[PDB]
Amino acid sequence: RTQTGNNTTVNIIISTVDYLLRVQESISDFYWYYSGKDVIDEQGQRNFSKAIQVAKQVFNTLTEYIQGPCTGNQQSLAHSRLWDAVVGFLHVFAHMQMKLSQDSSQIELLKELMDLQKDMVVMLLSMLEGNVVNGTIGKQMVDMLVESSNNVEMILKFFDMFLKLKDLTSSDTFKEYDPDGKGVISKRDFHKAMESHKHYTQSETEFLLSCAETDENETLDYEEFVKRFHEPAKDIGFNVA
């Protein structure tokens with residue numbers, strides 16, 4: 001951050017944030033390109049993967065900068081342009097989590113993207129390390145959250161839904177719908193089990209049905225379904241909480 005001995009000092013910590021802001025804008029523009037299109041081709045799915053990997057590495061670098069309660073770097077990031085990058089990634093996550101999850105051909109992209117979300121939340125926690133009551137970093141982060149309230153609301157609804165999925169699958173109704181251990185459960189069976197759950201609204205029901213993938217036998221593997229959707233939901237939700 002500060003080369004004390006040198007005559008001229010360059011803030012590598014802030015240059016990292018500048019590159020993060022540029023790669024965020026690139027990812028956001030590429031998302032805006034693919035949002036209208038129903039399907040993402042192989043080339044686009046590869047470009048997303050490479051960009052997400054780069055952003056993940058940058059987030060890890062920033063986390064390594066700010067951990068070890070390095071207060072100077074914490075304040076530098078707090079007053080830098082990090083907040084715009086984070087608020088853009090929040091929008092990207094909030095909309096891609098509902099776009100990709102519907103289609104079963106971008107599960108790997110969804111995994112990479114929710115890993116990027118985990119790293120961003122980890123960086124936010126590392127910023128919040130060594131906090132004080134009524135701190136400036138807390139003020140900045142709450143202002144960011146207020147700005148991105150809609151995106152965080154959508155993300156939190158997504159996580160609450162896929163965390164209640166576990167209780168739904170642990171319900172006795174589902175246990176008697178699947179007395180045997182195969183678990184390969186029909187689409188209508190899952191739909192009526194959800195209707196019996198009484199914890200899922202109508203819109204939640206259509207979203208689960210859309211995100212639910214079935215074979216030609218019209219029967220679904222709930223074990224793998226709940227794995228894929230619950231486990232990232234669980235860990236990212238824990239970090240957000």
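Values computed for the structure shown
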read-out	value
Residue list for the range 206-223, filter: under 17 Å from residue 170 (Cα atoms) and over 21 Å from the mean Cα position of the chain (by Cα)	220, 221, 222, 223
Odd one out for residue 239, checked against (1) surrounded by fewer than 16 Cβ atoms within 10 Å (Cβ to Cβ); (2) in contact with an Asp or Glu (Cβ under 6 Å, 6 or more places away or on another chain)	(2)
Output for the range 81-119, where each listed residue is under 18 Å from residue 47 (Cβ atoms) and not in a helix (DSSP H, G or I)	103, 105, 106
Some residue of the range 2-13 being in a helix (DSSP H, G or I), touching a residue at least 60 places away in the same chain (Cβ under 8 Å) and surrounded by fewer than 19 Cβ atoms within 10 Å (Cβ to Cβ)	no
Residue 78 of a type in the set (A, V, I, L, M, F, W, C), within 17 Å of the chain's Cα centre (by Cα) and either closer than 16 Å to residue 158 by Cα or assigned to a helix (DSSP H, G or I) (or both)	no
Checking residue 72 against (1) assigned to a helix (DSSP H, G or I); (2) more than 13 Å from the chain's Cα centre (by Cα); (3) under 23 Å from residue 232 (Cβ atoms), the condition it does not meet	(3)
Selection count, the range 22-37, where residues are farther than 15 Å from residue 85 by Cα, exposed (fewer than 15 other Cβ atoms within 10 Å of the Cβ) and without any contact (Cβ under 8 Å) to a residue 40 or more places away in the chain	4
Candidates 97, 106 - the one that is closer than 18 Å to residue 28 by Cβ, buried (at least 19 other Cβ atoms within 10 Å of the Cβ) and over 14 Å from the mean Cα position of the chain (by Cα)	106
Of the criteria (1) outside any helix (DSSP H, G or I); (2) under 26 Å from the mean Cα position of the chain (by Cα); (3) closer than 30 Å to residue 73 by Cβ, which one residue 156 fails	(1)
Residues of the range 190-206 classified as more than 18 Å from residue 102 (Cβ to Cβ) and either free of Cβ contacts under 8 Å to residues at least 24 places away in the same chain or assigned to a loop (DSSP other than H, G, I, E, B) (or both), total	4
Residue satisfying all of: in the range 207-225; within 13 Å of residue 101 (Cβ to Cβ) and not polar (S, T, N, Q); surrounded by the fewest Cβ atoms within 10 Å (Cβ to Cβ) among these	209
Pairs where the first residue, in the range 218-234, is part of a helix (DSSP H, G or I) and the second is of a type in the set (S, T, N, Q), C-beta under 6 Å, 6+ apart	222/169; 226/169
The one condition in (1) surrounded by fewer than 20 Cβ atoms within 10 Å (Cβ to Cβ); (2) touching a residue at least 40 places away in the same chain (Cβ under 8 Å) that residue 86 fails to fulfil	(1)
Lone qualifier among 142, 152 - being among the aliphatic types (A, V, I, L, M) and loosely packed, with under 15 Cβ neighbours inside 10 Å	142
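Rule-based calculations on the coordinates, nothing more; no lab input. Please note: Cβ atoms are built from the backbone with ideal geometry, for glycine as well, and neighbour counts cover all protein chains shown.
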